[PDB]
Amino acid sequence: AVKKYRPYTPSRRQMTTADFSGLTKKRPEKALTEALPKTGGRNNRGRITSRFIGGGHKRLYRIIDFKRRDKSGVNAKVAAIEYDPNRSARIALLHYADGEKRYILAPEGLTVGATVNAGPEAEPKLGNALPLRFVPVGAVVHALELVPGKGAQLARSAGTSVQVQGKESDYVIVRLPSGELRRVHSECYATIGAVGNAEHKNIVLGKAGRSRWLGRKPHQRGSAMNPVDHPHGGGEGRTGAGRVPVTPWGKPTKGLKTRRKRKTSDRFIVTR
Amino acid sequence: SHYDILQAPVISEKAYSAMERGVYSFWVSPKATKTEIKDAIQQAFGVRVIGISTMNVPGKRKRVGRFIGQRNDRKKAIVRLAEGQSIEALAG
Amino acid sequence: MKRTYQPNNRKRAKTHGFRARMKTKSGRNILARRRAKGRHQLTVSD
RNA sequence: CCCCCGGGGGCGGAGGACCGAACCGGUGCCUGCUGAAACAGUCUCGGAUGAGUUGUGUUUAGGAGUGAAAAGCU
RNA sequence: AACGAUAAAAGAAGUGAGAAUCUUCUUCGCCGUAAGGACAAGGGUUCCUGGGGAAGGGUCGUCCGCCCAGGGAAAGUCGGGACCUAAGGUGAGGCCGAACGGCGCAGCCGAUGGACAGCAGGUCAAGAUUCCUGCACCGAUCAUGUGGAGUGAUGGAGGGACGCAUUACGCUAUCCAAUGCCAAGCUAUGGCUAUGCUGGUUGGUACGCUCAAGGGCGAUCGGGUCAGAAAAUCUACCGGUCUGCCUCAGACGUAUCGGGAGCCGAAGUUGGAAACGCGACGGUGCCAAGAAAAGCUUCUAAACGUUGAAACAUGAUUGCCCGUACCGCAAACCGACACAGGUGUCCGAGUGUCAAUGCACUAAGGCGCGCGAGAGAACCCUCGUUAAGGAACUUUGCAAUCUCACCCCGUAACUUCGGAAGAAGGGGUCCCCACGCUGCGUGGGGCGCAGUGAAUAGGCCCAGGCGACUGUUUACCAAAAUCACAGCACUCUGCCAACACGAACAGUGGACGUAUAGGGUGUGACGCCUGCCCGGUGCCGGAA
Ligand SMILES: [Ca+2]
Ligand SMILES: [Mg+2]
Ligand SMILES: [Mg+2]
Ligand SMILES: [Mg+2]
Ligand SMILES: [Mg+2]
Ligand SMILES: [Mg+2]
Ligand SMILES: [Mg+2]
Ligand SMILES: [Mg+2]
Ligand SMILES: [Mg+2]
Ligand SMILES: [Mg+2]
Ligand SMILES: [Mg+2]
Ligand SMILES: [Mg+2]
Ligand SMILES: [Mg+2]
Ligand SMILES: [Mg+2]
Ligand SMILES: [Mg+2]
Ligand SMILES: [Mg+2]
Ligand SMILES: [Mg+2]
Ligand SMILES: [Mg+2]
Ligand SMILES: [Mg+2]
Ligand SMILES: [Mg+2]
Ligand SMILES: [Mg+2]
Ligand SMILES: [Mg+2]
Ligand SMILES: [Mg+2]
Ligand SMILES: [Mg+2]
Ligand SMILES: [Mg+2]
Ligand SMILES: [Mg+2]
Ligand SMILES: [Mg+2]
Ligand SMILES: [Mg+2]
Ligand SMILES: [Mg+2]
Ligand SMILES: [Mg+2]
Ligand SMILES: [Mg+2]
Ligand SMILES: [Mg+2]
Ligand SMILES: [Mg+2]
Ligand SMILES: [Mg+2]
Ligand SMILES: [Mg+2]
Ligand SMILES: [Mg+2]
Ligand SMILES: [Mg+2]
Ligand SMILES: [Mg+2]
Ligand SMILES: [Mg+2]
Ligand SMILES: [Mg+2]
Ligand SMILES: [Mg+2]
Ligand SMILES: [Mg+2]
Ligand SMILES: [Mg+2]
Ligand SMILES: [Mg+2]
Ligand SMILES: [Mg+2]
Ligand SMILES: [Mg+2]
Ligand SMILES: [Mg+2]
Ligand SMILES: [Mg+2]
Ligand SMILES: [Mg+2]
Ligand SMILES: [Mg+2]
Ligand SMILES: [Mg+2]
Ligand SMILES: [Mg+2]
Ligand SMILES: [Mg+2]
Ligand SMILES: [Mg+2]
Ligand SMILES: [Mg+2]
Ligand SMILES: [Mg+2]
Ligand SMILES: [Mg+2]
Ligand SMILES: [Mg+2]
Ligand SMILES: [Mg+2]
Ligand SMILES: [Mg+2]
Ligand SMILES: [Mg+2]
Ligand SMILES: [Mg+2]
Ligand SMILES: [Mg+2]
Ligand SMILES: [Mg+2]
Ligand SMILES: [Mg+2]
Ligand SMILES: [Mg+2]
Ligand SMILES: [Mg+2]
Ligand SMILES: [Mg+2]
Ligand SMILES: [Mg+2]
Ligand SMILES: [Mg+2]
Ligand SMILES: [Mg+2]
Ligand SMILES: [Mg+2]
Ligand SMILES: [Mg+2]
Ligand SMILES: [Mg+2]
Ligand SMILES: [Mg+2]
Ligand SMILES: [Mg+2]
Ligand SMILES: [Mg+2]
Ligand SMILES: [Mg+2]
Ligand SMILES: [Mg+2]
Ligand SMILES: [Mg+2]
Ligand SMILES: [Mg+2]
Ligand SMILES: [Mg+2]
Ligand SMILES: [Mg+2]
Ligand SMILES: [Mg+2]
Ligand SMILES: [Mg+2]
Ligand code: NA
């Protein structure tokens, strides 16, 4: 389900919003709040860098464990599954026996009260911290290290999955969300199952400035600018002639990767 | 020490009616504080002090000779004694 | 008709002050350059 | 959400919803044009719970900043 | 030419060399969600008193925010500091860099926020939670006594700690009525002899077997080491375990200190209204998911003791530094001016009118805007009415009418089934009496040309172009069909990501984000859809 509305305002007919009924309606845990809103409004040394970052609504950061390795061998009980305006991919509070509390990303299909287990020998049940070497072939997982320890770059957002392929001397093959295939060391941890909030995509923002609530400012087109301001500068009417970015280059098809190491670790073919 | 902390008594019709209340009013060096101003009053005149108040006061900006002038800068302090309300009697 | 000069004692002294001219070379140039003019204004601190 | 069989009633109180003061703004006419004013006045008009308005404090600058974009503001 | 808003002014009296302009008296007119009052920025003696009259004042001037002199400004409790942290600024060590310099953890600075002990009155010419009177509270040191032992950290935990809309109950501020009370006198004009008129009609504190909505809270014994660095009798997890307690908002009474119209001190009633304030951190719904730190509460680590403890009771002593006058929507701040501009917050009464900070008139309060007097020509500006006609005017119905508020009846094509819609149109609107209901309604009667009787308060409809829509722009000739916009598409990007700032193997932004994400480009809600041409150029592959 996702909410839809009657057309009582000219907006608000197309508009859509997520269903929150599964989210426990609680204040986030006080120890994990970190705060650190402090939005860096695209600015660097006062100077814009990621252009078009506006203000939006205020936010706190929810520290989220990613490595999950340190509490190997302890059981966890899933308390609340809960909202988070940073990940936009619902998180899940959990309590360990011995009483430490830390958030974890919520897998698709995980309910409140479920068991959660971490460590090397743990069984491939939903939401466990398993190193790749013990993952059964063809299982889907998310939340994935690139190097053992301090990893969780791969598969983190709504509905993303990592489909393990064959295995080698200590490297496993996996299918990333982008359709790339990649090697990864077998002691990297992963989390069983795809990501929760599996259908973030079909929310319909509806009106301008529903984006502003998300803090993304209006995104100017070149062709409305001036020759001074952008290469797609003026001239009486409307057109093209070259097709280039802000500062120049291509941006329809101009492969932008550098010629480097770890391209040998991305050794299976990559659409991207 | 204490003698040259005290500046000169206020001479004001308001200050002199307060003279009749056991209240005494006089200027002091502005950078002095209340604690030392009180022990100065009572080292000098021999009397218990039970109430101090103090106030920085800007110098008026007079002008002579069509050279624009400056301030002067003072700090009048008002003090109430115990029932032993004497000073030098020098009130008038 | 809001106008260009809206006085502010903390603004006036935080930029422009004696403390702020010493924070950099270029301002210490502003001091010794005006001291040489023999001015008296020197900064905004009077 | 509650009744009668998507309809009607109960209730509830949503909204870049409506009229409208403050407030923000500048639509049309007139006046003003050695002005009351180096951009305003009266009348009229737009927005008026939002992409809203505003105060403090602070960051970004000269081929540079900033710009819901006029080569506009600095 | 002008003498700075069309909110008027008149008379008497006074002072003086001198008066339309200064003072007084009595009227008149103007504001009254202000043009009254209280603050913050900012200004700097402009404040009060006594003098003055050059210049400043758009005239005058005996006056002034001008000139001269003298005074005025009081804090343990209000605001800031000796307390805390945000962005930001710094920053030993550390990372970089032709030099000067650029980054940067802890820490430090930094209020626009957090924490924190007083209320009522009196009153200088000029100060008031500051001085005075009454009566409190807060910390610290000491003493007497009870107690006669555990205190319990630069470290741990809890807690401080926070959104938006709406809304139930109770209440005060505060406002209204009256043949409630109290005080004072009079009355004529035609009448009333008071049942008329006018005015006032309670603040703080202490004590209640007094009435009281609302609001807060579960609570211990034990298990586990793998959690909070170790500790821990405090927290967190897990398992056993059984409506009631606390709080007073506010009201009432008794007492007491004040205040109180008034000629020293009267009354202090009953009925009604009512906050955004208080009870409070209440309830409900929602998505865009709503600071940190100290103080505060709880634990041991170390150390100090365990016959001069923590803590409590009374008494004493102690209470630093800075701000405080006046202006403060303006004659004192910003505008070169005593300028029709601009300037953040709080309070802002009454009558009428569905409501109201709207509109009119008015309270308290404050003003009549620092040239005046006449005349009633042309012309010019802001207004009133206009015969017959009614857009014939003109680029254009531009301007100016018309319409106007609330109640009732009635409303089209077309539609994204919400809307179009206040469609259009037509009717009601006052006063008296009787009747029903909770100010309405039903009836009967009355007056006027007219009853939202004055003020505020839509003209409407048909048909096109463009853009879907709210919104944004050229400060000072363009507000639009421009910009953006939700939605769509191409492409890039595997994470020290692409990309962007950068002297830099520095550091940052992207982002404490990770392909359902981020950048770039172009289109621009929604519906039906998006054809032919890879030769040229660009781009991705091939690479004899
Ligand atoms: Ca006629
Ligand atoms: Mg629905
Ligand atoms: Mg730029
Ligand atoms: Mg876009
Ligand atoms: Mg352009
Ligand atoms: Mg160019
Ligand atoms: Mg072009
Ligand atoms: Mg151009
Ligand atoms: Mg063209
Ligand atoms: Mg660029
Ligand atoms: Mg005192
Ligand atoms: Mg100074
Ligand atoms: Mg000097
Ligand atoms: Mg109802
Ligand atoms: Mg609206
Ligand atoms: Mg409409
Ligand atoms: Mg305006
Ligand atoms: Mg504008
Ligand atoms: Mg309109
Ligand atoms: Mg509108
Ligand atoms: Mg350039
Ligand atoms: Mg004029
Ligand atoms: Mg007169
Ligand atoms: Mg005479
Ligand atoms: Mg004369
Ligand atoms: Mg006059
Ligand atoms: Mg006068
Ligand atoms: Mg007289
Ligand atoms: Mg005022
Ligand atoms: Mg000041
Ligand atoms: Mg002052
Ligand atoms: Mg005066
Ligand atoms: Mg006087
Ligand atoms: Mg005088
Ligand atoms: Mg004169
Ligand atoms: Mg002279
Ligand atoms: Mg003159
Ligand atoms: Mg003081
Ligand atoms: Mg006192
Ligand atoms: Mg304080
Ligand atoms: Mg600090
Ligand atoms: Mg810092
Ligand atoms: Mg630095
Ligand atoms: Mg503050
Ligand atoms: Mg306090
Ligand atoms: Mg007096
Ligand atoms: Mg005064
Ligand atoms: Mg007082
Ligand atoms: Mg209520
Ligand atoms: Mg009566
Ligand atoms: Mg009466
Ligand atoms: Mg203990
Ligand atoms: Mg009583
Ligand atoms: Mg600290
Ligand atoms: Mg004052
Ligand atoms: Mg003015
Ligand atoms: Mg304003
Ligand atoms: Mg009111
Ligand atoms: Mg009123
Ligand atoms: Mg009313
Ligand atoms: Mg009004
Ligand atoms: Mg005034
Ligand atoms: Mg005439
Ligand atoms: Mg006119
Ligand atoms: Mg007629
Ligand atoms: Mg006609
Ligand atoms: Mg003609
Ligand atoms: Mg014609
Ligand atoms: Mg035209
Ligand atoms: Mg017109
Ligand atoms: Mg039909
Ligand atoms: Mg219909
Ligand atoms: Mg229409
Ligand atoms: Mg008639
Ligand atoms: Mg009639
Ligand atoms: Mg009328
Ligand atoms: Mg045509
Ligand atoms: Mg438009
Ligand atoms: Mg313009
Ligand atoms: Mg501008
Ligand atoms: Mg215009
Ligand atoms: Mg590096
Ligand atoms: Mg970084
Ligand atoms: Mg376009
Ligand atoms: Mg095509
Ligand atoms: Na009579």
# chains A, B, ... in the order shown; residues from 1 in each chain; ligands from 1

$ residues_around --residues "region 21-36 of chain C" --least-positions-apart "5" --cutoff "12 Å" --atoms "only C-alpha atoms (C1' of nucleotides)" --output "ChimeraX atom specification"
/C:13-16,41-45 /E:90,100-101

$ residues_near_ligand --ligand "ligand 58" --cutoff "12 Å" --atoms "only C-alpha atoms (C1' of nucleotides) and all ligand atoms" --output "PyMOL selection string"
chain E and resi 33+173-175+274-276+347-350+356-357

$ residues_near_ligand --ligand "ligand 37" --cutoff "8 Å" --atoms "only C-alpha atoms (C1' of nucleotides) and all ligand atoms" --output "ChimeraX atom specification"
/E:57,59-61

$ select_by_dssp --residues "region 6-57 of chain B" --states "alpha helix (DSSP H)" --output "tab-separated table (two decimals) with N, CA and C atoms, in the first residue's frame"
chain	number	residue	atom	x	y	z
B	13	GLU	N	21.81	69.00	46.39
B	13	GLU	CA	20.63	69.17	47.22
B	13	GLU	C	19.95	67.83	47.50
B	14	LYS	N	19.92	66.94	46.51
B	14	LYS	CA	19.45	65.59	46.76
B	14	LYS	C	20.40	64.84	47.69
B	15	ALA	N	21.71	64.98	47.48
B	15	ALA	CA	22.68	64.26	48.31
B	15	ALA	C	22.69	64.76	49.73
B	16	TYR	N	22.33	66.04	49.93
B	16	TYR	CA	22.37	66.61	51.27
B	16	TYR	C	21.11	66.28	52.05
B	17	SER	N	19.97	66.15	51.38
B	17	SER	CA	18.81	65.64	52.10
B	17	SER	C	19.04	64.20	52.55
B	34	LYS	N	33.26	47.68	45.13
B	34	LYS	CA	32.46	47.93	46.33
B	34	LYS	C	33.15	47.45	47.59
B	35	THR	N	33.76	46.28	47.56
B	35	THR	CA	34.35	45.74	48.79
B	35	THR	C	35.40	46.70	49.35
B	36	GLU	N	36.34	47.10	48.51
B	36	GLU	CA	37.37	48.03	48.94
B	36	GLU	C	36.81	49.43	49.19
B	37	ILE	N	35.77	49.84	48.46
B	37	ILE	CA	35.21	51.16	48.76
B	37	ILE	C	34.59	51.17	50.14
B	38	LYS	N	33.98	50.06	50.56
B	38	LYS	CA	33.36	50.02	51.88
B	38	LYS	C	34.42	49.98	52.96
B	39	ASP	N	35.43	49.11	52.82
B	39	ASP	CA	36.41	49.11	53.89
B	39	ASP	C	37.17	50.43	53.92
B	40	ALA	N	37.22	51.16	52.80
B	40	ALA	CA	37.82	52.49	52.79
B	40	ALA	C	36.98	53.48	53.57
B	41	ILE	N	35.67	53.49	53.33
B	41	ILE	CA	34.81	54.42	54.06
B	41	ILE	C	34.96	54.19	55.55
B	42	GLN	N	34.99	52.92	55.96
B	42	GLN	CA	34.93	52.60	57.38
B	42	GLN	C	36.28	52.52	58.07
B	43	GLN	N	37.37	52.30	57.34
B	43	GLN	CA	38.70	52.60	57.86
B	43	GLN	C	38.86	54.09	58.11
B	44	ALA	N	38.26	54.91	57.25
B	44	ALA	CA	38.50	56.35	57.32
B	44	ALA	C	37.66	57.02	58.39
B	45	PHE	N	36.38	56.66	58.50
B	45	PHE	CA	35.47	57.37	59.37
B	45	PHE	C	35.03	56.54	60.57

$ residues_near_ligand --ligand "ligand 35" --cutoff "9 Å" --atoms "only C-alpha atoms (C1' of nucleotides) and all ligand atoms" --output "PDB file with N, CA and C atoms (P, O5', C5', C4', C3', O3' and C1' of nucleotides), in the first residue's frame"
ATOM      1  P     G E  53      19.052  87.556  26.331  1.00  0.00           P
ATOM      2  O5'   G E  53      19.130  87.010  24.847  1.00  0.00           O
ATOM      3  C5'   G E  53      20.382  86.692  24.254  1.00  0.00           C
ATOM      4  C4'   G E  53      20.193  86.009  22.928  1.00  0.00           C
ATOM      5  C3'   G E  53      19.223  86.734  22.006  1.00  0.00           C
ATOM      6  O3'   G E  53      19.705  86.758  20.664  1.00  0.00           O
ATOM      7  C1'   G E  53      18.365  84.558  22.590  1.00  0.00           C
ATOM      8  P     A E  54      19.798  88.179  19.892  1.00  0.00           P
ATOM      9  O5'   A E  54      21.001  87.970  18.871  1.00  0.00           O
ATOM     10  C5'   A E  54      20.891  87.113  17.751  1.00  0.00           C
ATOM     11  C4'   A E  54      22.269  86.726  17.299  1.00  0.00           C
ATOM     12  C3'   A E  54      22.332  85.609  16.289  1.00  0.00           C
ATOM     13  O3'   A E  54      22.143  86.107  14.988  1.00  0.00           O
ATOM     14  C1'   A E  54      23.881  85.204  18.025  1.00  0.00           C
ATOM     15  P     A E  55      20.777  85.775  14.213  1.00  0.00           P
ATOM     16  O5'   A E  55      21.015  84.295  13.675  1.00  0.00           O
ATOM     17  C5'   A E  55      22.043  84.068  12.733  1.00  0.00           C
ATOM     18  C4'   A E  55      22.842  82.850  13.064  1.00  0.00           C
ATOM     19  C3'   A E  55      22.125  81.540  12.928  1.00  0.00           C
ATOM     20  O3'   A E  55      21.869  81.183  11.590  1.00  0.00           O
ATOM     21  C1'   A E  55      23.443  81.513  14.869  1.00  0.00           C
ATOM     22  P     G E  61      11.923  87.431  16.244  1.00  0.00           P
ATOM     23  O5'   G E  61      11.469  86.518  17.483  1.00  0.00           O
ATOM     24  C5'   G E  61      10.569  86.992  18.487  1.00  0.00           C
ATOM     25  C4'   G E  61      10.216  85.888  19.448  1.00  0.00           C
ATOM     26  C3'   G E  61      11.404  85.254  20.145  1.00  0.00           C
ATOM     27  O3'   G E  61      11.674  85.923  21.356  1.00  0.00           O
ATOM     28  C1'   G E  61      10.068  83.562  19.167  1.00  0.00           C
TER      29        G E  61
END

$ residues_around --residues "residue 236 (chain A)" --least-positions-apart "5" --cutoff "12 Å" --atoms "only C-alpha atoms (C1' of nucleotides)" --output "number ranges by chain"
A: 223-224, 226-227

$ interface_residues --of "chain C" --to "chain D" --cutoff "12 Å" --atoms "only C-alpha atoms (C1' of nucleotides)" --output "JSON, numbers by chain"
{"C": [1, 8, 10, 11, 14]}

$ write_last_selection --atoms "N, CA and C atoms" --output "short mmCIF file (atom, residue, chain, number, x, y, z; two decimals), in the first residue's frame"
data_model
loop_
_atom_site.label_atom_id
_atom_site.label_comp_id
_atom_site.auth_asym_id
_atom_site.auth_seq_id
_atom_site.Cartn_x
_atom_site.Cartn_y
_atom_site.Cartn_z
N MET C 1 12.32 52.60 2.36
CA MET C 1 13.61 52.79 1.75
C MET C 1 14.68 52.41 2.72
N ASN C 8 25.70 48.83 13.72
CA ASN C 8 25.75 47.67 14.60
C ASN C 8 27.09 47.67 15.31
N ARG C 10 28.56 45.55 17.24
CA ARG C 10 29.39 44.36 17.18
C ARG C 10 29.91 44.13 15.77
N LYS C 11 29.10 44.45 14.76
CA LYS C 11 29.56 44.38 13.37
C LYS C 11 30.71 45.36 13.13
N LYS C 14 33.89 44.13 14.82
CA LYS C 14 34.38 42.78 14.60
C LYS C 14 35.12 42.69 13.27
#

$ residues_around --residues "residue 105 (chain A)" --least-positions-apart "6" --cutoff "8 Å" --atoms "only C-alpha atoms (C1' of nucleotides)" --output "PDB file with N, CA and C atoms, in the first residue's frame"
ATOM      1  N   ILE A  64      24.212   3.951  12.738  1.00  0.00           N
ATOM      2  CA  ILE A  64      23.801   2.633  12.305  1.00  0.00           C
ATOM      3  C   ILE A  64      25.061   1.790  12.294  1.00  0.00           C
ATOM      4  N   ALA A  89      15.170   4.166   3.554  1.00  0.00           N
ATOM      5  CA  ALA A  89      15.368   2.727   3.481  1.00  0.00           C
ATOM      6  C   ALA A  89      15.338   2.244   4.924  1.00  0.00           C
ATOM      7  N   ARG A  90      14.175   1.776   5.378  1.00  0.00           N
ATOM      8  CA  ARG A  90      13.832   1.775   6.797  1.00  0.00           C
ATOM      9  C   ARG A  90      14.862   1.011   7.632  1.00  0.00           C
ATOM     10  N   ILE A  91      15.121   1.507   8.839  1.00  0.00           N
ATOM     11  CA  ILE A  91      16.066   0.885   9.766  1.00  0.00           C
ATOM     12  C   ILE A  91      15.310   0.080  10.818  1.00  0.00           C
ATOM     13  N   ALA A  92      16.047  -0.719  11.596  1.00  0.00           N
ATOM     14  CA  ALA A  92      15.442  -1.634  12.566  1.00  0.00           C
ATOM     15  C   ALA A  92      16.259  -1.668  13.850  1.00  0.00           C
ATOM     16  N   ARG A 156      22.759  -0.911  -0.100  1.00  0.00           N
ATOM     17  CA  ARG A 156      22.324  -0.244   1.119  1.00  0.00           C
ATOM     18  C   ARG A 156      20.953   0.415   1.017  1.00  0.00           C
ATOM     19  N   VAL A 195      17.005  -5.447   0.576  1.00  0.00           N
ATOM     20  CA  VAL A 195      16.692  -4.340   1.470  1.00  0.00           C
ATOM     21  C   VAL A 195      15.182  -4.171   1.618  1.00  0.00           C
ATOM     22  N   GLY A 196      14.771  -3.667   2.782  1.00  0.00           N
ATOM     23  CA  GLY A 196      13.385  -3.362   3.053  1.00  0.00           C
ATOM     24  C   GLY A 196      12.976  -2.044   2.429  1.00  0.00           C
TER      25      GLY A 196
END

$ residues_near_ligand --ligand "ligand 74" --cutoff "9 Å" --atoms "only C-alpha atoms (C1' of nucleotides) and all ligand atoms" --output "PDB file with N, CA and C atoms (P, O5', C5', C4', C3', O3' and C1' of nucleotides), in the first residue's frame"
ATOM      1  P     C E 447     -48.559  54.128   9.986  1.00  0.00           P
ATOM      2  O5'   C E 447     -47.094  54.703   9.847  1.00  0.00           O
ATOM      3  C5'   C E 447     -46.619  55.732  10.700  1.00  0.00           C
ATOM      4  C4'   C E 447     -45.160  56.008  10.440  1.00  0.00           C
ATOM      5  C3'   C E 447     -44.780  56.280   9.005  1.00  0.00           C
ATOM      6  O3'   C E 447     -45.054  57.618   8.656  1.00  0.00           O
ATOM      7  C1'   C E 447     -43.229  54.800   9.978  1.00  0.00           C
ATOM      8  P     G E 448     -45.152  58.049   7.126  1.00  0.00           P
ATOM      9  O5'   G E 448     -43.682  57.829   6.580  1.00  0.00           O
ATOM     10  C5'   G E 448     -42.650  58.756   6.857  1.00  0.00           C
ATOM     11  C4'   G E 448     -41.361  58.376   6.174  1.00  0.00           C
ATOM     12  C3'   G E 448     -41.446  58.001   4.716  1.00  0.00           C
ATOM     13  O3'   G E 448     -41.688  59.108   3.874  1.00  0.00           O
ATOM     14  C1'   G E 448     -39.914  56.580   5.821  1.00  0.00           C
ATOM     15  P     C E 449     -42.494  58.893   2.514  1.00  0.00           P
ATOM     16  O5'   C E 449     -41.372  58.594   1.456  1.00  0.00           O
ATOM     17  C5'   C E 449     -41.720  58.426   0.100  1.00  0.00           C
ATOM     18  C4'   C E 449     -40.635  57.704  -0.627  1.00  0.00           C
ATOM     19  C3'   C E 449     -39.898  56.661   0.185  1.00  0.00           C
ATOM     20  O3'   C E 449     -40.596  55.442   0.219  1.00  0.00           O
ATOM     21  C1'   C E 449     -38.353  57.989  -1.016  1.00  0.00           C
TER      22        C E 449
END

$ residues_around --residues "region 220-227 of chain E" --least-positions-apart "2" --cutoff "7 Å" --atoms "only C-alpha atoms (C1' of nucleotides)" --output "count of residues only"
3

$ interface_residues --of "chain A" --to "chain E" --cutoff "7 Å" --atoms "only C-alpha atoms (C1' of nucleotides)" --output "PyMOL selection string"
chain A and resi 6-8+10+35+42-44+47+49-50+57-59+85+96-100+153-154+156-159+177-178+199-201+205-208+213-214+218+245+251-256

$ residues_near_ligand --ligand "ligand 65" --cutoff "12 Å" --atoms "only C-alpha atoms (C1' of nucleotides) and all ligand atoms" --output "PyMOL selection string"
chain E and resi 385-387

$ write_last_selection --atoms "N, CA, C and O atoms (P, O5', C5', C4', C3', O3' and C1' of nucleotides)" --output "PDB file, in the first residue's frame"
ATOM      1  P     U E 385     -21.932  61.664  -6.428  1.00  0.00           P
ATOM      2  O5'   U E 385     -22.969  62.617  -7.182  1.00  0.00           O
ATOM      3  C5'   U E 385     -24.174  62.977  -6.525  1.00  0.00           C
ATOM      4  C4'   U E 385     -24.909  64.100  -7.211  1.00  0.00           C
ATOM      5  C3'   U E 385     -25.321  63.887  -8.653  1.00  0.00           C
ATOM      6  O3'   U E 385     -26.440  63.051  -8.841  1.00  0.00           O
ATOM      7  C1'   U E 385     -24.326  65.967  -8.481  1.00  0.00           C
ATOM      8  P     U E 386     -26.357  61.921  -9.975  1.00  0.00           P
ATOM      9  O5'   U E 386     -26.555  62.747 -11.342  1.00  0.00           O
ATOM     10  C5'   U E 386     -27.789  63.392 -11.629  1.00  0.00           C
ATOM     11  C4'   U E 386     -27.592  64.635 -12.448  1.00  0.00           C
ATOM     12  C3'   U E 386     -27.547  64.480 -13.951  1.00  0.00           C
ATOM     13  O3'   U E 386     -28.799  64.257 -14.562  1.00  0.00           O
ATOM     14  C1'   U E 386     -25.846  65.928 -13.271  1.00  0.00           C
ATOM     15  P     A E 387     -28.974  63.078 -15.634  1.00  0.00           P
ATOM     16  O5'   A E 387     -30.326  63.540 -16.293  1.00  0.00           O
ATOM     17  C5'   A E 387     -31.075  64.519 -15.625  1.00  0.00           C
ATOM     18  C4'   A E 387     -31.857  65.335 -16.590  1.00  0.00           C
ATOM     19  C3'   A E 387     -32.176  64.634 -17.900  1.00  0.00           C
ATOM     20  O3'   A E 387     -33.361  63.850 -17.814  1.00  0.00           O
ATOM     21  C1'   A E 387     -31.221  66.744 -18.327  1.00  0.00           C
TER      22        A E 387
END
